[PDB]
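K.L.:
Here it is: the structure, laid out below.
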2 protein chains.
Amino acid sequence: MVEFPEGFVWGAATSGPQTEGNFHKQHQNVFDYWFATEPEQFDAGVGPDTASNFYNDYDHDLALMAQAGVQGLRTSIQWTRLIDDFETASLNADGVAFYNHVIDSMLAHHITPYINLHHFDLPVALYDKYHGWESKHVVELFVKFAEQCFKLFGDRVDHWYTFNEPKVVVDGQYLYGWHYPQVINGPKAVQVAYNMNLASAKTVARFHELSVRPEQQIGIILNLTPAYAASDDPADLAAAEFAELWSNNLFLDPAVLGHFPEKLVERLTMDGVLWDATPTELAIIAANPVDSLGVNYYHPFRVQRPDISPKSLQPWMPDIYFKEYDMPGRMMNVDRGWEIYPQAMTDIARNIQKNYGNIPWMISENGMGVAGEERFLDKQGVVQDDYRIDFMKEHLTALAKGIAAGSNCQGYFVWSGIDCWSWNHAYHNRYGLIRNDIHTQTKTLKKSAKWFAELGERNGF
Amino acid sequence: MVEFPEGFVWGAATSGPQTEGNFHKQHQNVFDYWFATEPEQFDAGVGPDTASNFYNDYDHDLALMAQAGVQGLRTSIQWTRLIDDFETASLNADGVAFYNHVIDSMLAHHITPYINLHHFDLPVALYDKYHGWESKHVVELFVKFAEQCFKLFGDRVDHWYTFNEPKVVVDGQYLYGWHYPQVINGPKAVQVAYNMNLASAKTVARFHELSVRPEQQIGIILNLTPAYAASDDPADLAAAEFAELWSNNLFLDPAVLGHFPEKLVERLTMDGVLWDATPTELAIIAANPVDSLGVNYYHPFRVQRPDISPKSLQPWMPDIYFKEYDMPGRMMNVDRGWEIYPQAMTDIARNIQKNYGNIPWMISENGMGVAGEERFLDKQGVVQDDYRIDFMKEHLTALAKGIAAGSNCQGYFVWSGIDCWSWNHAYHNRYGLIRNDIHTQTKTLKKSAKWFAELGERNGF
C-alpha cells in the first residue's frame, strides 16, 4: 500500500555516550564531568555511568536489535574512550579493543555499521586547556582522532559521519545552557559554528586521503526542519528567513555546497560578530563537501517577528531576529509538548532534491519519546506501543511522498533501537523499539519492534 | 413601569445541604465527608456542619423570608437525612419528623413549598460501595428515595424537582475536581450524565404513578445559558456549537423532548466515549418528559476555538472542542470574576418559547454574591445592598421583555433567601435577602429584602 525503493536501508541510531556506560573509560567528556559535578541537573540523578550497559552487553544487545529488524546501526565512537594522549592521538588499547568487538559483533549479526565520530562528547580537559571547540588547535586534535578511527576500523566500516548535529553543540555549549560548560555568549557561538564546520571538512579531506575502497563514504548529520513563518506579514517572513539561514543553512551550505550562505555572512558582518576564517580554511571547506546527508526530524519549527526591534541595546544572540510561534489548532503530542506535523518530512525531501543536487541522503533520526511506558505492558512483558507505530506510519508515509516525487532518500533510521540515556532527561522519555529495564539492564522488544521487522521484510506497509 | 403577568410567583431558593447543618443527620454526603477529612479545602475552615442553623431555627427563619416577600420557597430534602437503609429506602423517623415540621411551618407562614430532591448531595457510602452516579443500581435507589418523599409529603406539596443542575454534579465529581470524589475522567462523566438523565425520567414516571391531584407537577432545574461564540470565524462557531450541545442540550433535550441530541451522540460515538444505554432505558426517557422547567442564570457563557486540535494526543474531555473566552469590554462583577449580561435571560426565554413547545418554566435561580457585606451596614445594622436591587431590576427587565414576546415564564426565584453555605466558598460571598451572622446564627433582613416584598405586592417596579 505504501512501498519503498529497492535496497532501502531500515536502521536504528544511538550514540556511545548514551549507551556504553563509563566502565573503564580513560577520560571524562563534558557530560561525564557535569554529572560528576552536578548530579542534581539530571533526572533522578541518573547519569551516564551505566547508561544502557552496552559496554558489557553489546553482543546480546546487537542480537536483539537484529530481531527488531535493524539492518544498519548508527552509533558513535567516544573520543574520550579511544585516545590516550589527545595531543598525539595515541591509542588506549582497551578502548580500541572494545570498538573492535562491537564492530565485529555487528558484522556477525548481519548489521551494517554506521559510525559517527562525535555526538556532543567533547573531552572536558580540552575545554579546560583550550576552551574546546573555540580552539582551532582542538579542531586539529579531532582530525587526528578521526585519522586513528579510519585506520583501525576502516577495513570493515563503509559508512561514516563526521558529526551528529553540530548546531546542538553550538546551541548547547554557547547559547542556552543545555550542555556543560553552559556558556551564554552569542559571538563565541558564531566562531564555534565556524570551527566545527571546518573540523568536518578537514575530516572529510583526511578520510578520502586514507580511503581504500570506493564504497567508503562519509557524511554529516543535521536537523533540516523548515522554519515556517507565522504569517505573510513582512516582519514574520523576514524572521523565518533568518531563522532558516541560521538554523539550517549555517551547516547545510558549507557541508554540501562548500560555502557559507552569502546573506548570512552579510548579516553577521553587519552586526560585527562574524567568525575569523582564513582563505585556506575556506578553500578546504570548498574542496571537501560531504558524500551524503543524514537528516534528523522530530517536530516542526515555527517563528514570528521578535517582540522588540533587533536594534535594541542587548547582547547579540541569533534570536534577536525571530521568536518561536505556537500555531492555533496545531496537532500536539501533549505530554511531550511537541507539535505533530509529518509533511515537514516531505518538504525536507523536496529541498534536498531541488536545491542541494539531490545528494544521496537518509533519515538518520526519527522517533517518539513517551514517559512511563510500564503503563502499556501486557503481562507477557511487551510494551504495547501502538502510538510509536502510528507515529512511524505517518512519517514514513510523508517520506514516501518525497521519494516518489524524485528525492534521493536511501534509508530510514529510527531513534532509537534500545532505550538509551537522554542527557539531563536520562530515561524519563523512552524512544526505543526495545525496552530497557535500567535497574537490571534487561531488554525486551516492544510491539513496534516486531512491526519494524515486518516493515523491513515487506519493504512497506 | 415594568409589570408582570397575574399569578407570577415571587420566591427564594436554597438547598438542604447549604442551610440545615448536620445536626443528628444519620449519613454523610460527599461534601460532609470531604470536609470532615480535608477541612483545608473550605473557606475559613467553615463546613456544612452548622451551615445556617436551619435544622434548629426553621420556624423563625421562615417568618423572616415571608417578611422579605418569599411567596414560594424552593429547597431540598437530603437523601442522607431522610433514609435509614439506602438499599430499601427505609425511613429515619427523626428526618421525616424534621421535614414534616419544615413543610408545615412553610404553609403556616403562607409560603408555597417547591421541593427539589437532589442538590449535589450523593451519600458518600453509595460512592464507596458502587461509585455513586456511575451505577445504575444507585439510580434505582434514588427512585426508591424519591418515592418515599412523594408518599410522605405529596399530600401538601404540589411542585417538585428531580435534580438541581445535574451537569454540576457531572462537572464537579468527574471532570474538574470541584466535588469530592474529585475524579478526572471524561468517559465516566459521559456515563454519569446519561445515568442522571435516566434517574430523572424514572423519577418522573414514579411521580405520576402516585400523583392524585392535577396540580401536582414535577420538573428539573437546569442552566440554559447560551454559548456565545467569540467571533464568527468557523473555528469559534464550531466550538460554540459543541459547547451548546454539551452544556445545554445534553440535559434539556432528554428532559423536555424525550431524546438525546443526535449530533451530540454522533460525536460521542465517533470519539469512542458514548454511554451504555438499553432500548428500555431510552423508551423510559422518551415516555416521561418533565412537566416544567427551572432555569438558573447568573452570568453569560462565551466560547472560542481550543488552542490545539481535538485530534491531539490527550485524554478525552468535552473541553477539547472549546475554550472559554473573555470578551474585551465586558461588564464585570469584579470582586467575583463574573460578567454581567442580562440580555441572556431574554435569549433563554425565546429559546424555550420557540424550540421547546413553550413549556411552563420559571427562573429557579438568579442572584449576586458579594463579599464583606459588613462594609454596607447602616446605623441599625441593615445591609444597604443597592447593588443587589439594581442587579434584580436589570435581569427582571430582560425577563419581562421575554414574557412580552409571550414566553411562558411563571415565576422568579432569587438566590437566596438567607445567606447560605456555598460549598468550598462557604460564606465568603453572600447572596441572601437576609443576612446571617454565622458566629451567632442571627438573621437580619437586608434592604433588598424590603424591596423584594414591595415588588411582589405590586408585580412590578
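Ordering of the C-alpha cells sets the chain letters (A, B, ...), residue numbers begin anew at 1 in every chain, and ligands are numbered from 1 in the order given.
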Is it possible to get the superposed chain A, fitted on chain B over all Cα pairs by sequence order, as a compact mmCIF listing (two decimals) with C-alpha atoms, in the first residue's frame?

P.N.:
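Resulting contents of superposed28.txt:
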```txt
# COMPACT_ATOMS: atom_id res chain seq x y z
CA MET A 1 -43.31 50.82 34.63
CA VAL A 2 -42.18 47.18 34.23
CA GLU A 3 -45.00 44.76 35.03
CA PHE A 4 -45.41 40.99 35.22
CA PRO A 5 -48.08 38.37 34.46
CA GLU A 6 -51.00 37.85 36.80
CA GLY A 7 -50.15 35.19 39.36
CA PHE A 8 -46.39 35.40 38.83
CA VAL A 9 -44.64 33.58 41.66
CA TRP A 10 -42.05 35.61 43.59
CA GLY A 11 -39.80 33.15 45.38
CA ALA A 12 -36.43 32.24 46.86
CA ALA A 13 -34.25 29.14 46.49
CA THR A 14 -31.80 27.22 48.69
CA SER A 15 -30.98 23.61 49.46
CA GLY A 16 -30.88 21.42 52.54
CA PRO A 17 -27.10 20.79 52.56
CA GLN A 18 -26.48 24.54 52.45
CA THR A 19 -28.89 25.49 55.28
CA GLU A 20 -29.82 22.72 57.72
CA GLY A 21 -26.56 21.88 59.41
CA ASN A 22 -25.68 18.26 60.06
CA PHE A 23 -27.41 18.17 63.48
CA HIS A 24 -28.47 14.53 64.12
CA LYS A 25 -28.15 13.54 60.46
CA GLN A 26 -27.70 9.77 60.07
CA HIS A 27 -25.40 9.73 56.98
CA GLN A 28 -22.59 11.76 55.46
CA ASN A 29 -23.03 13.04 51.94
CA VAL A 30 -19.92 13.59 49.77
CA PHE A 31 -19.45 17.17 50.99
CA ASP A 32 -19.90 16.10 54.64
CA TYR A 33 -17.19 13.46 54.21
CA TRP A 34 -14.98 15.92 52.30
CA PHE A 35 -15.08 18.50 55.09
CA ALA A 36 -14.60 15.85 57.79
CA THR A 37 -11.62 14.64 55.73
CA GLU A 38 -10.06 17.83 54.34
CA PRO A 39 -11.37 20.92 56.15
CA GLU A 40 -8.50 22.87 54.53
CA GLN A 41 -10.48 22.72 51.24
CA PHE A 42 -13.13 25.00 52.76
CA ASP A 43 -12.91 28.76 53.28
CA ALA A 44 -11.72 29.40 56.86
CA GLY A 45 -12.45 25.76 57.59
CA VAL A 46 -16.18 26.54 57.70
CA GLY A 47 -17.99 23.38 56.67
CA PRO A 48 -21.64 22.27 56.49
CA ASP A 49 -21.99 21.10 60.11
CA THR A 50 -23.97 24.18 61.24
CA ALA A 51 -24.53 26.03 57.93
CA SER A 52 -27.35 28.56 58.57
CA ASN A 53 -28.85 26.50 61.43
CA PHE A 54 -32.11 25.80 59.58
CA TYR A 55 -32.48 22.48 61.45
CA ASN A 56 -33.03 24.39 64.69
CA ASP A 57 -34.45 27.75 63.59
CA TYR A 58 -36.67 26.81 60.61
CA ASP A 59 -39.89 28.27 62.02
CA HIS A 60 -38.52 31.75 62.71
CA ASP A 61 -36.39 31.68 59.52
CA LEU A 62 -39.54 31.05 57.49
CA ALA A 63 -41.19 34.01 59.21
CA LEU A 64 -38.34 36.25 58.10
CA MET A 65 -38.51 34.91 54.55
CA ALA A 66 -42.23 35.78 54.63
CA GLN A 67 -41.42 39.35 55.69
CA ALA A 68 -39.01 39.47 52.72
CA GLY A 69 -41.81 38.63 50.28
CA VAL A 70 -40.94 34.99 49.59
CA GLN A 71 -44.19 33.45 48.33
CA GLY A 72 -42.61 30.17 47.28
CA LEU A 73 -39.53 28.65 48.89
CA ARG A 74 -37.56 26.12 46.88
CA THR A 75 -35.25 23.90 48.92
CA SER A 76 -34.30 20.22 48.98
CA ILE A 77 -34.70 17.05 51.01
CA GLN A 78 -31.43 15.34 51.94
CA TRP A 79 -31.17 11.69 50.91
CA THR A 80 -28.66 11.29 53.78
CA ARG A 81 -31.16 12.57 56.37
CA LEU A 82 -34.44 10.98 55.31
CA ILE A 83 -33.40 7.36 54.67
CA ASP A 84 -32.14 4.75 57.13
CA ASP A 85 -31.25 1.84 54.77
CA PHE A 86 -30.36 3.06 51.28
CA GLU A 87 -31.01 -0.40 49.75
CA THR A 88 -34.64 -0.54 50.93
CA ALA A 89 -35.24 3.22 51.43
CA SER A 90 -36.32 2.53 55.02
CA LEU A 91 -37.15 5.71 56.91
CA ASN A 92 -35.23 7.63 59.57
CA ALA A 93 -38.07 8.78 61.82
CA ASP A 94 -36.35 11.88 63.16
CA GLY A 95 -35.53 13.02 59.61
CA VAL A 96 -39.09 12.30 58.48
CA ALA A 97 -40.45 14.32 61.40
CA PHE A 98 -38.09 17.20 60.59
CA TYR A 99 -39.21 17.60 56.98
CA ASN A 100 -42.82 17.32 58.18
CA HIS A 101 -42.20 20.28 60.51
CA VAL A 102 -40.64 22.54 57.88
CA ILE A 103 -43.33 21.78 55.31
CA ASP A 104 -46.07 22.43 57.87
CA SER A 105 -44.25 25.58 59.00
CA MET A 106 -43.94 26.75 55.39
CA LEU A 107 -47.69 26.33 55.03
CA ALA A 108 -48.49 28.24 58.23
CA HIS A 109 -46.38 31.18 57.04
CA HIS A 110 -48.24 31.21 53.70
CA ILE A 111 -45.15 29.97 51.80
CA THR A 112 -45.84 27.51 48.99
CA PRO A 113 -43.30 24.65 49.17
CA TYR A 114 -41.11 23.88 46.15
CA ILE A 115 -39.28 20.65 46.99
CA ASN A 116 -36.24 19.42 45.03
CA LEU A 117 -34.94 15.91 45.65
CA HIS A 118 -31.18 16.27 45.11
CA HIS A 119 -28.71 19.16 45.32
CA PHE A 120 -25.19 17.68 44.91
CA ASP A 121 -25.59 15.55 48.04
CA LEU A 122 -24.85 11.95 47.11
CA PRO A 123 -24.34 9.74 50.20
CA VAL A 124 -20.64 8.95 50.36
CA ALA A 125 -21.26 5.31 51.33
CA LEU A 126 -23.04 4.77 48.01
CA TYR A 127 -19.98 6.12 46.24
CA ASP A 128 -17.77 3.81 48.32
CA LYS A 129 -19.97 0.78 47.68
CA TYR A 130 -20.94 1.34 44.02
CA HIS A 131 -19.04 4.40 42.69
CA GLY A 132 -22.17 6.44 43.09
CA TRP A 133 -23.83 7.98 40.06
CA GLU A 134 -21.88 5.61 37.80
CA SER A 135 -24.09 2.79 39.12
CA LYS A 136 -27.41 2.04 37.50
CA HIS A 137 -28.12 0.35 40.85
CA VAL A 138 -27.73 3.71 42.62
CA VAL A 139 -30.18 5.12 40.04
CA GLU A 140 -32.78 2.66 41.38
CA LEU A 141 -32.05 3.45 45.04
CA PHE A 142 -32.56 7.12 44.31
CA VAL A 143 -35.92 6.39 42.70
CA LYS A 144 -36.81 4.43 45.86
CA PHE A 145 -35.82 7.47 47.93
CA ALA A 146 -37.99 9.69 45.73
CA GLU A 147 -40.89 7.23 46.15
CA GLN A 148 -40.72 7.67 49.91
CA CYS A 149 -40.65 11.48 49.58
CA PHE A 150 -43.77 11.50 47.39
CA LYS A 151 -45.75 9.30 49.77
CA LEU A 152 -44.83 11.19 52.97
CA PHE A 153 -45.06 14.75 51.67
CA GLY A 154 -47.16 14.52 48.50
CA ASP A 155 -50.37 15.42 50.33
CA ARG A 156 -49.09 18.98 50.95
CA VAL A 157 -46.49 19.63 48.20
CA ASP A 158 -47.65 20.45 44.67
CA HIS A 159 -44.33 21.46 43.07
CA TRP A 160 -41.39 19.07 42.80
CA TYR A 161 -37.98 18.92 41.14
CA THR A 162 -35.93 15.82 40.37
CA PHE A 163 -32.49 17.47 40.40
CA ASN A 164 -30.77 20.79 40.82
CA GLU A 165 -28.36 21.03 37.86
CA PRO A 166 -27.13 17.46 37.19
CA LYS A 167 -24.46 19.02 34.97
CA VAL A 168 -22.73 20.46 38.05
CA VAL A 169 -22.58 16.96 39.55
CA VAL A 170 -21.06 15.64 36.30
CA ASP A 171 -18.58 18.52 36.04
CA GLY A 172 -17.79 18.53 39.74
CA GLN A 173 -17.46 14.86 40.56
CA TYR A 174 -15.92 13.64 37.29
CA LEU A 175 -14.27 16.45 35.24
CA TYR A 176 -12.71 19.38 37.15
CA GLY A 177 -12.36 18.46 40.83
CA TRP A 178 -15.07 20.75 42.28
CA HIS A 179 -16.84 17.98 44.25
CA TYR A 180 -15.51 15.09 46.27
CA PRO A 181 -14.52 12.47 45.06
CA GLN A 182 -12.76 14.70 42.44
CA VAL A 183 -12.44 12.13 39.67
CA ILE A 184 -10.87 13.38 36.42
CA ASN A 185 -12.28 11.03 33.77
CA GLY A 186 -14.12 12.28 30.68
CA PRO A 187 -15.60 8.95 29.58
CA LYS A 188 -16.93 8.26 33.09
CA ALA A 189 -18.48 11.74 33.05
CA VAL A 190 -20.43 10.89 29.88
CA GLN A 191 -21.94 7.82 31.57
CA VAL A 192 -22.82 9.72 34.76
CA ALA A 193 -24.61 12.38 32.67
CA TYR A 194 -26.59 9.58 31.03
CA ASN A 195 -27.38 7.84 34.34
CA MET A 196 -28.66 11.01 36.01
CA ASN A 197 -30.88 11.80 33.02
CA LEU A 198 -32.24 8.26 33.35
CA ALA A 199 -32.70 8.65 37.11
CA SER A 200 -34.77 11.76 36.45
CA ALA A 201 -37.10 10.26 33.83
CA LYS A 202 -37.65 7.27 36.13
CA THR A 203 -38.48 9.61 38.99
CA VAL A 204 -40.95 11.49 36.77
CA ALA A 205 -42.55 8.15 35.88
CA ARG A 206 -42.86 7.10 39.51
CA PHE A 207 -44.11 10.54 40.54
CA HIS A 208 -47.07 10.37 38.16
CA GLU A 209 -47.95 6.79 39.11
CA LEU A 210 -48.24 7.98 42.73
CA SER A 211 -49.98 11.27 41.89
CA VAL A 212 -53.19 12.18 43.72
CA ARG A 213 -54.13 15.65 42.43
CA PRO A 214 -53.87 17.13 38.92
CA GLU A 215 -52.07 20.21 40.29
CA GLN A 216 -49.07 18.06 41.21
CA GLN A 217 -46.24 18.62 38.73
CA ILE A 218 -42.55 17.71 38.69
CA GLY A 219 -39.71 19.34 36.76
CA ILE A 220 -35.92 19.65 36.56
CA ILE A 221 -33.59 22.62 37.21
CA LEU A 222 -30.86 23.42 34.71
CA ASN A 223 -28.47 26.12 33.62
CA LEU A 224 -29.43 27.14 30.08
CA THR A 225 -26.96 29.97 29.53
CA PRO A 226 -26.19 30.39 25.80
CA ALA A 227 -22.72 29.54 24.53
CA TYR A 228 -21.91 32.76 22.67
CA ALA A 229 -19.35 32.43 19.88
CA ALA A 230 -16.29 34.66 20.12
CA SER A 231 -16.58 35.57 16.42
CA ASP A 232 -18.01 34.41 13.09
CA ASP A 233 -14.73 32.59 12.30
CA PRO A 234 -15.83 29.00 11.47
CA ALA A 235 -13.68 27.45 14.17
CA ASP A 236 -15.37 29.71 16.76
CA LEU A 237 -18.95 29.01 15.67
CA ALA A 238 -18.28 25.26 15.59
CA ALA A 239 -16.88 25.49 19.11
CA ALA A 240 -20.01 27.29 20.32
CA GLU A 241 -22.13 24.60 18.66
CA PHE A 242 -20.57 21.76 20.61
CA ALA A 243 -20.44 23.85 23.78
CA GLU A 244 -24.20 24.34 23.57
CA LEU A 245 -25.08 20.75 22.61
CA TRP A 246 -22.96 19.63 25.54
CA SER A 247 -23.59 22.22 28.25
CA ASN A 248 -27.33 22.66 27.55
CA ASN A 249 -28.77 20.09 25.11
CA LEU A 250 -27.30 17.16 27.10
CA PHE A 251 -30.05 17.65 29.67
CA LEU A 252 -32.62 19.96 28.05
CA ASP A 253 -33.43 17.53 25.22
CA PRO A 254 -33.90 14.31 27.29
CA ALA A 255 -35.81 16.31 29.90
CA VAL A 256 -38.23 18.16 27.59
CA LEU A 257 -38.10 16.48 24.18
CA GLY A 258 -37.48 12.97 25.52
CA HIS A 259 -34.40 12.17 23.43
CA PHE A 260 -30.72 13.00 23.28
CA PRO A 261 -29.41 15.55 20.75
CA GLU A 262 -28.60 13.63 17.58
CA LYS A 263 -25.44 15.57 16.68
CA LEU A 264 -24.11 15.07 20.23
CA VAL A 265 -24.68 11.30 20.22
CA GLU A 266 -22.94 11.21 16.83
CA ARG A 267 -19.92 13.11 18.22
CA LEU A 268 -19.41 10.98 21.35
CA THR A 269 -19.85 7.80 19.30
CA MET A 270 -17.16 8.95 16.86
CA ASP A 271 -14.82 9.60 19.78
CA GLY A 272 -15.73 6.24 21.35
CA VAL A 273 -16.84 7.65 24.71
CA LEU A 274 -20.61 7.32 24.41
CA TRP A 275 -22.69 6.06 27.36
CA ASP A 276 -24.18 2.58 27.63
CA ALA A 277 -27.97 2.75 27.17
CA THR A 278 -30.67 0.13 26.64
CA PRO A 279 -33.73 0.59 24.42
CA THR A 280 -36.03 0.22 27.44
CA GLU A 281 -34.13 2.93 29.34
CA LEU A 282 -34.33 5.16 26.27
CA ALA A 283 -38.05 4.43 26.08
CA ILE A 284 -38.58 5.47 29.71
CA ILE A 285 -36.69 8.69 28.92
CA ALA A 286 -38.91 9.18 25.87
CA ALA A 287 -42.14 8.43 27.77
CA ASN A 288 -41.59 10.64 30.85
CA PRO A 289 -40.60 14.22 30.01
CA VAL A 290 -40.68 16.86 32.77
CA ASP A 291 -43.78 18.96 33.45
CA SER A 292 -41.88 22.25 33.83
CA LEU A 293 -38.44 23.83 33.75
CA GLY A 294 -36.46 25.75 36.35
CA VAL A 295 -33.75 27.98 34.87
CA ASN A 296 -30.61 29.07 36.70
CA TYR A 297 -28.74 32.11 35.37
CA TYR A 298 -25.96 34.17 36.95
CA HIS A 299 -23.49 35.20 34.22
CA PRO A 300 -23.03 34.69 30.46
CA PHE A 301 -20.87 32.11 28.70
CA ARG A 302 -18.53 32.69 25.75
CA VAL A 303 -16.33 30.21 23.88
CA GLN A 304 -13.66 30.22 21.18
CA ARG A 305 -11.77 27.63 19.17
CA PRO A 306 -9.56 25.26 21.17
CA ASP A 307 -5.85 26.12 21.10
CA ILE A 308 -4.75 22.71 19.77
CA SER A 309 -6.60 20.45 17.38
CA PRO A 310 -9.14 18.08 18.96
CA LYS A 311 -7.29 15.24 17.23
CA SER A 312 -4.26 15.70 19.52
CA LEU A 313 -3.12 12.82 21.72
CA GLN A 314 -4.77 13.73 25.02
CA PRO A 315 -7.34 12.28 27.45
CA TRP A 316 -10.84 12.81 26.12
CA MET A 317 -12.60 15.80 27.71
CA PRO A 318 -15.55 17.82 26.39
CA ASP A 319 -13.18 20.81 26.40
CA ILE A 320 -11.08 19.51 23.50
CA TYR A 321 -13.63 21.34 21.31
CA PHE A 322 -13.98 24.73 23.02
CA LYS A 323 -12.11 27.22 25.20
CA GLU A 324 -13.53 29.94 27.42
CA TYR A 325 -13.35 33.40 25.85
CA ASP A 326 -13.12 36.82 27.54
CA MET A 327 -14.75 39.54 25.48
CA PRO A 328 -12.93 42.89 25.22
CA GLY A 329 -15.19 45.56 26.69
CA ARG A 330 -17.29 43.22 28.81
CA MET A 331 -19.26 44.66 31.70
CA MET A 332 -17.77 42.99 34.80
CA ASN A 333 -18.54 42.50 38.47
CA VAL A 334 -14.84 42.80 39.13
CA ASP A 335 -14.53 41.47 42.70
CA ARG A 336 -16.32 38.26 41.68
CA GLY A 337 -14.77 38.03 38.20
CA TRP A 338 -18.14 37.62 36.46
CA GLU A 339 -19.46 39.30 33.33
CA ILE A 340 -22.81 41.11 33.70
CA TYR A 341 -25.06 40.55 30.66
CA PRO A 342 -28.77 40.62 31.55
CA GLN A 343 -30.15 39.99 28.04
CA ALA A 344 -29.01 36.37 28.22
CA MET A 345 -32.24 36.03 30.19
CA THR A 346 -34.13 37.29 27.13
CA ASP A 347 -32.34 34.82 24.86
CA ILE A 348 -33.22 31.93 27.19
CA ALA A 349 -36.88 32.97 27.25
CA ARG A 350 -36.95 32.99 23.44
CA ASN A 351 -35.30 29.56 23.14
CA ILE A 352 -37.82 27.83 25.41
CA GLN A 353 -40.59 29.66 23.54
CA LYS A 354 -39.48 28.71 20.04
CA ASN A 355 -37.77 25.35 20.38
CA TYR A 356 -39.07 23.73 23.56
CA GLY A 357 -42.82 24.06 23.07
CA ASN A 358 -42.95 27.11 25.33
CA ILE A 359 -43.12 24.66 28.24
CA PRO A 360 -44.10 26.44 31.49
CA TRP A 361 -40.97 27.58 33.26
CA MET A 362 -39.58 29.72 36.06
CA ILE A 363 -36.30 31.42 36.81
CA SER A 364 -35.35 29.01 39.61
CA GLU A 365 -32.12 30.85 40.46
CA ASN A 366 -30.77 34.37 39.90
CA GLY A 367 -28.68 36.43 42.28
CA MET A 368 -25.48 38.24 43.10
CA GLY A 369 -22.81 37.30 45.64
CA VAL A 370 -20.80 39.94 47.50
CA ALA A 371 -18.04 39.53 50.09
CA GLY A 372 -17.66 41.53 53.29
CA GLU A 373 -21.15 43.02 53.38
CA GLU A 374 -20.49 44.33 56.89
CA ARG A 375 -19.10 47.32 54.96
CA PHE A 376 -22.68 48.36 54.04
CA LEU A 377 -24.39 48.10 57.40
CA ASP A 378 -26.05 51.26 58.50
CA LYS A 379 -25.83 51.35 62.24
CA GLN A 380 -29.45 50.27 62.35
CA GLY A 381 -27.92 46.90 61.39
CA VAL A 382 -29.38 46.61 57.86
CA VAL A 383 -27.10 45.90 54.90
CA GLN A 384 -27.55 48.60 52.25
CA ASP A 385 -27.28 46.20 49.32
CA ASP A 386 -28.32 48.67 46.62
CA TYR A 387 -26.10 46.68 44.26
CA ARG A 388 -28.31 43.61 44.71
CA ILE A 389 -31.43 45.65 43.88
CA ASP A 390 -29.92 47.07 40.70
CA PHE A 391 -28.82 43.57 39.70
CA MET A 392 -32.40 42.33 40.11
CA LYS A 393 -33.77 45.38 38.26
CA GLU A 394 -31.63 44.70 35.20
CA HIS A 395 -32.38 40.98 35.00
CA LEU A 396 -36.11 41.27 35.73
CA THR A 397 -36.26 43.91 33.01
CA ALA A 398 -34.70 41.54 30.48
CA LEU A 399 -36.92 38.68 31.65
CA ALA A 400 -39.90 40.98 31.10
CA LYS A 401 -38.82 41.44 27.48
CA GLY A 402 -39.04 37.67 27.11
CA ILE A 403 -42.44 37.25 28.74
CA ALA A 404 -43.82 40.12 26.66
CA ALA A 405 -42.73 38.45 23.41
CA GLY A 406 -44.65 35.32 24.46
CA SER A 407 -42.37 33.22 26.69
CA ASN A 408 -44.27 31.08 29.18
CA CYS A 409 -42.36 32.26 32.27
CA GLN A 410 -44.23 31.81 35.54
CA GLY A 411 -41.92 32.69 38.43
CA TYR A 412 -38.72 34.36 39.59
CA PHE A 413 -36.82 32.72 42.47
CA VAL A 414 -33.94 34.72 43.94
CA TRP A 415 -30.78 33.03 45.14
CA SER A 416 -30.99 33.24 48.04
CA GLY A 417 -33.48 34.01 50.81
CA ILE A 418 -31.05 33.76 53.72
CA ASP A 419 -27.26 33.73 53.36
CA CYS A 420 -26.27 30.09 53.07
CA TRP A 421 -23.16 27.94 52.85
CA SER A 422 -21.63 27.99 49.38
CA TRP A 423 -19.74 24.65 49.40
CA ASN A 424 -15.94 25.24 49.55
CA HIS A 425 -16.60 28.99 49.37
CA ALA A 426 -18.75 28.70 52.54
CA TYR A 427 -19.76 32.25 53.53
CA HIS A 428 -17.14 34.27 51.62
CA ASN A 429 -19.84 35.55 49.24
CA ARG A 430 -23.36 36.45 50.44
CA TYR A 431 -26.37 36.10 48.17
CA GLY A 432 -29.28 36.49 50.57
CA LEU A 433 -32.11 38.96 50.82
CA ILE A 434 -31.55 38.28 54.52
CA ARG A 435 -28.20 38.47 56.28
CA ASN A 436 -26.90 35.72 58.55
CA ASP A 437 -24.40 36.53 61.26
CA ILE A 438 -23.07 32.97 61.29
CA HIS A 439 -21.34 33.41 64.67
CA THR A 440 -24.72 33.83 66.43
CA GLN A 441 -27.04 32.54 63.64
CA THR A 442 -28.87 35.87 64.06
CA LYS A 443 -30.64 36.86 60.85
CA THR A 444 -31.72 40.31 59.63
CA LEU A 445 -33.40 41.49 56.45
CA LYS A 446 -31.25 43.53 54.08
CA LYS A 447 -32.48 46.54 52.12
CA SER A 448 -33.22 44.34 49.10
CA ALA A 449 -35.56 42.26 51.30
CA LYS A 450 -38.00 45.15 51.73
CA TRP A 451 -37.61 45.93 48.04
CA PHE A 452 -38.45 42.34 47.06
CA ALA A 453 -41.53 42.45 49.28
CA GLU A 454 -42.88 45.58 47.57
CA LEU A 455 -42.03 44.06 44.19
CA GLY A 456 -44.30 41.12 44.95
CA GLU A 457 -47.20 43.27 46.09
CA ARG A 458 -46.92 45.69 43.22
CA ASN A 459 -46.04 42.81 40.83
CA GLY A 460 -43.56 45.14 39.16
CA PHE A 461 -41.33 48.15 39.64
```

K.L.:
I need the residues in range 91-296 of chain B that are alpha helix (DSSP H) according to DSSP; give them as JSON, numbers by chain.

P.N.:
{"B": [93, 94, 95, 96, 97, 98, 99, 100, 101, 102, 103, 104, 105, 106, 107, 108, 124, 125, 126, 127, 128, 129, 130, 136, 137, 138, 139, 140, 141, 142, 143, 144, 145, 146, 147, 148, 149, 150, 151, 152, 153, 166, 167, 168, 169, 170, 171, 172, 173, 174, 186, 187, 188, 189, 190, 191, 192, 193, 194, 195, 196, 197, 198, 199, 200, 201, 202, 203, 204, 205, 206, 207, 208, 209, 210, 234, 235, 236, 237, 238, 239, 240, 241, 242, 243, 244, 250, 251, 252, 262, 263, 264, 265, 266, 267, 268, 269, 270, 279, 280, 281, 282, 283, 284, 285, 286, 287]}

K.L.:
Run DSSP on the backbone and give me the residues of range 28-89 of chain B it puts in strand (DSSP E or B), as JSON, numbers by chain.

P.N.:
{"B": [29, 72, 73, 74, 75, 76, 83]}
